[PDB]
Amino acid sequence: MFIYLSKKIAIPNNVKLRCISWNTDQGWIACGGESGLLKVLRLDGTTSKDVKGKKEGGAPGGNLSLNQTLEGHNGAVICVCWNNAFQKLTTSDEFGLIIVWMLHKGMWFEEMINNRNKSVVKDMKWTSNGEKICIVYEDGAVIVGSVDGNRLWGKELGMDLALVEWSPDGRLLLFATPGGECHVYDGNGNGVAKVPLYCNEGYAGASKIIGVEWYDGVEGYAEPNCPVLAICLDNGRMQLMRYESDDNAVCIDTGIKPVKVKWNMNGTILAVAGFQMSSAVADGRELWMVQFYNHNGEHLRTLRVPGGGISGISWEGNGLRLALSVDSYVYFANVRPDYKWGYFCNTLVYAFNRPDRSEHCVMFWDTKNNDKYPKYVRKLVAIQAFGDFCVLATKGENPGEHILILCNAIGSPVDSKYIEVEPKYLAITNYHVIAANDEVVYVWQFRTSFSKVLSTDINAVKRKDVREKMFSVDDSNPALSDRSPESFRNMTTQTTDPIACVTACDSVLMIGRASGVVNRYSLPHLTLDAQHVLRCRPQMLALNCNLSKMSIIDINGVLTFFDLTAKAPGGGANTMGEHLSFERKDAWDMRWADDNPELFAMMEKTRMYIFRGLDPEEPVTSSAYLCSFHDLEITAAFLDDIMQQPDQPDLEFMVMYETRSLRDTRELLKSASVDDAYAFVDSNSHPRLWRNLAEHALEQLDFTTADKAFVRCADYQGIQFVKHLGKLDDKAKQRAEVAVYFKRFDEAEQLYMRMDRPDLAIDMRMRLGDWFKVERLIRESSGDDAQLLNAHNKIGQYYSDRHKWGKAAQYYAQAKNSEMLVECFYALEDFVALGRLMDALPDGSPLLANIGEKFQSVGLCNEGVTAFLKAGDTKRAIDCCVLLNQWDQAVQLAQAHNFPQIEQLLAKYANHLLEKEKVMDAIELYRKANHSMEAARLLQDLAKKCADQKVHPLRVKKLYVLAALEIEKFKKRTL
Amino acid sequence: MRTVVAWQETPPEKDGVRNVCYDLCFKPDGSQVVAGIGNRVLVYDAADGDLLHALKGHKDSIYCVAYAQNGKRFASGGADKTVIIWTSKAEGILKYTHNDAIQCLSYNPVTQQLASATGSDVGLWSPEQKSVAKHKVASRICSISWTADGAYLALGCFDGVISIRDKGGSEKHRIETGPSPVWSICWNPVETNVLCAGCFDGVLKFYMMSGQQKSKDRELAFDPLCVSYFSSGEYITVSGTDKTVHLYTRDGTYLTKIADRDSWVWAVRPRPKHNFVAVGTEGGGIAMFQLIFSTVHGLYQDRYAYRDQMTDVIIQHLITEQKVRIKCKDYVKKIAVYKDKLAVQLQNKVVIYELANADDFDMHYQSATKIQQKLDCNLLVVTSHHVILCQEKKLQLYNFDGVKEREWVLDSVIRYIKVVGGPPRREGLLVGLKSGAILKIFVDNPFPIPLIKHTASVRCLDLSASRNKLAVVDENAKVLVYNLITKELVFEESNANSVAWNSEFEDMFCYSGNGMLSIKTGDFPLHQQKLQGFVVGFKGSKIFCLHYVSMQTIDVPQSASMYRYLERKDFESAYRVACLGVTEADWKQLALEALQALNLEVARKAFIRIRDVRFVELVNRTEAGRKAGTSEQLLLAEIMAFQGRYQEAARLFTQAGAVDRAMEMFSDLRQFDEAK
């Protein structure tokens, strides 16, 4: 979050601009000059993706490509409004001449002429799209004009009207009196309600409304239900509204004398502009300045403009730029918008918002292989990522309580504390997470300095959450004895000053507070090492590799250092450390070097300076929020472009900047063999460059330059490779073996089928990937056939482990695995293939008894029995035979393999079939002989029995029809 | 469904009037149900029913009442040519005498501009006036209603035409309802353009501004005295000479019997933005009804078949979440999902919906099979080929066609059931009884096999890959794992509102609920996670969690159990769960725990899947060393001696190896500190 005066465009005729507004559609911003001037400046949409192509001396912005003077009005153009859909540039003077400007053949020319002209059209606006226009004259004449600006209804409200503004829904307009009140009236003219005056609250007197600006919702809000309406006053207290009847209107004690206010086109940043009677000077210099607040209204930034007068401000569509109605020029100022982000382990975290969801999409996207992770985590405040873990400043399921969600490189939660400490000033290490309240600093030591290393005894670490402490920004030693985390929450009096920002490393803490008095804490003793005092109120703090020079960038965004070695000049120990004499103009963030203590990859305005000391290296411009400065080399994250690609991020934004130290050093390493190379490695240190020279001369086969470059630094395998390629046979084989050593399967394959070894690039393609084409590589040439048949089985069982049993099945056709094919067709309900796999598996093995037990587990009657008998599982065959009511066959096979449970189970399940309303089954299961003549005889005898009974006639007639039809067939075969 | 009686009360009688709930109007929140019963404004509460105010302001019986649409007053129109207006405090403020007996009432949403249709005029009552701003229409104004914006007042006239007028009474529309005049119109307080032109002939006319219908003009089976839109126009409460109230989808298709009353529901009105309805009868009996809509659903772990629009089912295939409903156009009773089949219990019959695509990613179902007879069941079971009816004791076997092949009258009350997974005509009914005994019945097995007598009643069970591990969640919300190989309680844990096993891993059971997602991953100890709801599916690492109205997809990592696997030198089992799919850091852990411990056979496979060929070379060198003696301190020394740290490589070269290597190698590595 920073703003700087980027570029001023030389405006023709040097006209004071009465109000400005950016063309949100095409960027053809028409500054509204006085005396009828509507000069259409042209800047295209410039983002950090321009800085992707503008490295080493760039900035997001354009130039004076076109500035067309428009001839439509005569008075000062106090009303300039932009149609956000039709590009109907429409303006009016202080007299009431309304003209819609078409982009006629590239120029802005007149289309519509609306005229009432009885008093002053003082404010006038288009809707969210630009379908209705609020032509309001000074006598309260509300001409709500349509898209063609005709007088749909002109109603005078009987009072003077000066400021009007379209609501996002655009029905209840904001008829604001110049005296200090804002009224709401509908199209019928009936009185509805009145806008609250929290701007007038806290300040005695109805102060004049300077401008009523509502973010109409051109690109949606930053977060939903955020205040985007600002009825500001000249008093210095102004209110931020979600809607025109907001009772939670944030009365910000701005304490200034503004004239204008404009929200950005994405609803993230409030901007209030105007002059000031300067209390610093006696004359009261008319210093026109632009304040900056959030949608809620916390103090964000401040713009310093020495211009004669800024009677209007306007933002870009995404809020990356702010145009100004300066009296001299149109001041274009680049803005870094507010994002919750983090970088750790080549994973760029960023809490953007999709335009279909309100939850903070904590995009834990990896930048190592472009691995995407849209973690949707509720109630997120901020993101801090450092080391192997990233922590998300999230509340609980309720506000007040908070969760320190420890996330790994993919972003999954592995550790979390339900804490009352809100992690506003959040720092994460590899062993601690430093949540911090206004005074309550909570190091969450999730792991000690001796933890997950040995764990040789069950009492390895006996205190999981007592190592953590919710200590103070003013505590001096919470390790005189052993202390609980909840030891501190308050003093006997107030704290001296709240915290500003907190950064830390694995065994250090540095608590940057607003007054600068830093209480620096150790780990895990969590003792005060050194009570530092910063000479400026920091907006961010960044520590060095050695932490000697650390950076303090203040609320005005000026880089000041801090050498941590100084003594308190007050008779005590209140002050440690001192500002190293290094200050740069409008420097807003830092990426300290992880190699050289004197180096740092600082943010200036857009240019990214490097200093090997306090003297400049190459100003390698990086508007990208950097990731790491190490080994004279700089890593970047083009987050603004990854705001534009947040669901589809890519490694293209993760560019690798460099210092001219590394650049010229490794440049002469790769160009000059040893000539400039050898000594210049030691000239620009960190013998990573000795490896650059050493494996460079190893690759170029300079077995003396590589040899002696491996002499000056630490590498055994490299010098072994020097002796290898010094004795390896073929140069094509030299590079191919190097490539297969160095993972370059492409370059190894590039030198296979070239020195005539098709099977070895068959091995390179044979390794990794789908195993179908690898099966063809197995069969076309016996390369790594066994290992990759094993791999066929491996992704076969992985597909089997992931309900892809069919692709697994042709893998085990490609490989050989038949019981796992049984499992493939077992969960797919294809037990016929299991009976097929009786014989694909080695028969006679109890694997067939296992699959027969599977058939029993589904209840298959006798195919499980023959799966048993193929395995010789005759007892289970008999158990399934007598189990499932095939009593004639149960008798036969249970006397075959000799386990006669036939009659007990026979009578039991006869009674059960009687319980299952099947009486006839219970009778006919006693037919162990069961001839057709015997069946008819049994049915007829039972018919005679129940006929003599005559009771239950259903059985009587059933036995009649069965026996009589069978006897009828007997007579048909007889006579 | 269920339509619970919220309350039901016979109104008190006073002033000797016919106890009829003539009209029903609601406070816009729905708290006070304002019933004009007899000559009283019997003001009740639509959650309890207690008579908050008996307002006896009229002379004759109050023909009609209407609350203020902005929520300030409720008036009362009777046959005594007057209207007495009561504020929201139920106090009579205004009593203005018309020129004819009042026919109906309606209030403005913008102001308290009551309209009071008389037999010849409409008594527009401004929020504080005593005048009768009459609407002299040649036809009798039989119905009035104010549009929800607060501009239009549809004066339905006694000519078969709803003459929509303004707040001054100017005829604008000639709505062609037909020959029948429409005494019952009502602008929905959320719909300014949907006019419910309910008549006596039975036609359900949902008319627009000019006189065209919205849905099909349904001819009711009964003459409706009042028709109103439930749930802001999705459902319909019809009430007439049927003595009760029915629920209909806004198509006009039957849902359920809302009310169960004594006489003519003269006025029906849903409680606004509630589940309740104003059912006031000819006996005056006013009654709210809990029209609670449960997402009745089957699930084959991927196609969440929650019923929505209540004649259709919006099945969301949770892998794709394709929410394209099945246009059954008839009330859905019970639903079940198979691999590709969807048995649906309608008021028609069993409708087994089968997807046209052989996959599950597409949605647009078609009814491949239907049980021909109308057939319904409590727990619907669709197999590959059977629609098995689960009753509390009986188990009526049916196919997809409706053949009662078997019936299984079980011993106890069935509280849970599922399909064990099997071939066509062989799928199971793994019964979770209220007694707690688990019985195994398949399609063609006539007898149950009692697997587990679970300790408590069974509401959530599951079976493993081999159908042999029965984790049972009781009504006490804890998982009781019954390995059917052991046939006993082999594992039991709390924090389990429901448990689901895996289709490829044996002891892979997760269980969410009670805000805790504890996952005993395999033999190795528990994995920690937080989740509420009911797990009805566990595909190794994923949960389709029933959060009481819908499925919520929350993953289960095995990372804690992964660390347990790796750090116990079980990187074979960790390799297996890596084949199940975990992070490559666990793969490197397999390769390194095999590297440094000189288990250099697993190290080759775990390194080669990351394609780390140099580590494969180190592993191969020291593995060829370990396959040929040459005591492994020399070979571990070689492990660090080709890696880069030579204090331990040399200190293990103290007794097995050479440290003069360090003298002649620290020189050409400028590591002269350890050279010294």
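Residues numbered from 1 in each chain as written, not as in the entry; some residues may be left out. Chains lettered and ligands numbered in written order. Part of a larger assembly, values for the part shown. Heavy atoms only, no water.

What the entry reports as its method is cryo-EM, with 20.7 Å given for the resolution.

Asker: Account for the overall build of chain A, with residues named and values stated.
Answerer: Tallying secondary structure elements over chain A gives 23 helices and 50 strands in all. The C-alpha atoms of chain A give 41 Å as radius of gyration, which overshoots the globular expectation for 975 residues (30 Å, by more than 25%). Expressed as lengths along the three principal axes of its C-alpha atoms, the size of chain A is roughly 135 × 90 × 70 Å. Across chain A, contacts joining residues at least 24 apart in sequence account for 46% of those joining residues at least 6 apart. Put simply, chain A shows about 39500 Å² of open surface, and 52% of that area lies on carbon and sulfur atoms. Charge separation in chain A, taken as the distance between the mean sites of 112 positive and 126 negative side-chain charges, equals 4 Å. (Helix = DSSP H or I, 4+ residues; strand = E, 2+ residues; numbered from the N terminus. Rg over C-alpha atoms; globule rule 2.2 N^0.38 Å. Contact = heavy atoms within 4.5 Å. Areas by Shrake-Rupley, 256 points an atom, 1.4 Å probe, with all protein chains shown as cover. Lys, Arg positive; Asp, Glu negative; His and termini not counted. Charge placed at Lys NZ, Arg CZ, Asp CG, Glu CD.)

Asker: Tell me about a nonpolar patch on the surface, and please be specific about residues and values.
Answerer: Judged by side-chain polarity, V961(A), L962(A) and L965(A) come together as a nonpolar surface patch covering roughly 220 Å² of accessible area. With a relative accessible area of 40%, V961(A) lands in the partly exposed category. (Patch = residues over 30% accessible without salt bridge, like charges linked within 9 Å, V, L, I, M, F, W, Y side chains within 5 Å. Salt bridge = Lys/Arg side-chain N within 4 Å of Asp/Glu carboxyl O. Buried < 20%, exposed > 50% of the residue type's maximum accessible area, 1.4 Å probe, protein only.)

Asker: Tell me what's going on with the pattern of salt bridges, and back it up with residues and numbers.
Answerer: All names here are of chain A. Taken as a whole and judged by the stated rule, the model has 70 salt bridges over all chains. The shortest N-O distance in the salt bridge between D465 and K417 comes to 2.5 Å. Taken together, the residues span a long stretch of sequence, with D465 in the loop between β38 (440-444) and β39 (469-472) and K417 in the loop between β34 (413-415) and β35 (418-419) at a distance of 48 residues. The class for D465 is partly exposed, based on a relative accessible area of 23%. A salt bridge links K733 to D729; the shortest N-O distance between them is 3.8 Å. Residue class for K733 comes out buried when judged on its relative accessible area of 14%.

Asker: Just give me the short version of a negative patch on the surface, but keep the residues and values in it.
Answerer: A contiguous patch of negative charge on the surface is contributed by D664(A), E667(A), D675(A) and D676(A). Structurally, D676(A) can be placed in the loop between α3 (660-671) and α4 (677-683).

Asker: Describe helix α8 (residues 731-741) of chain A, listing the residues and the values that go with them.
Answerer: Of all 11 residues that make up α8(A), eight are buried, and the element is covered over most of its length. Of all the positions in α8(A), only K733(A), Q734(A), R735(A), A736(A), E737(A), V738(A), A739(A) and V740(A) are classed as buried. For α8(A), the elements touching its buried residues are α5 (688-699), α7 (717-725), α9 (745-750) and α10 (758-766) of chain A together with α5 (613-626) of chain B. Immediately beyond the C-terminal end of α8(A), within one or two residues, lies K743(A), with a positive phi of roughly 70°.

Asker: Summarise the interface of chain A and chain B; cite the residues concerned and give the values.
Answerer: At the junction of the two partners, chain A supplies 49 residues and chain B supplies 57 residues. Taken together, chain A and chain B are joined by two salt bridges. Our count for the contact surface shared by chain A and chain B stands at 17 residue pairs in polar contact. Mapped onto the side of chain A that touches chain B, the elements with two or more residues apiece are α6 (705-711), α8, α12 (785-800), α16 (847-858) and α20 (902-915) of chain A. Looking at which element gives the most residues to the side of chain A that touches chain B, the answer is α12(A), with eight residues. Of the residues contributing to the side of chain A that touches chain B, the split by class is 25 nonpolar, 10 polar and 14 charged. (Polar contact = N/O pair within 3.5 Å; in protein donor to acceptor, adjacent residues only side chain to side chain. Nonpolar A, V, L, I, M, F, W, Y, C, P; charged D, E, K, R; others polar.)

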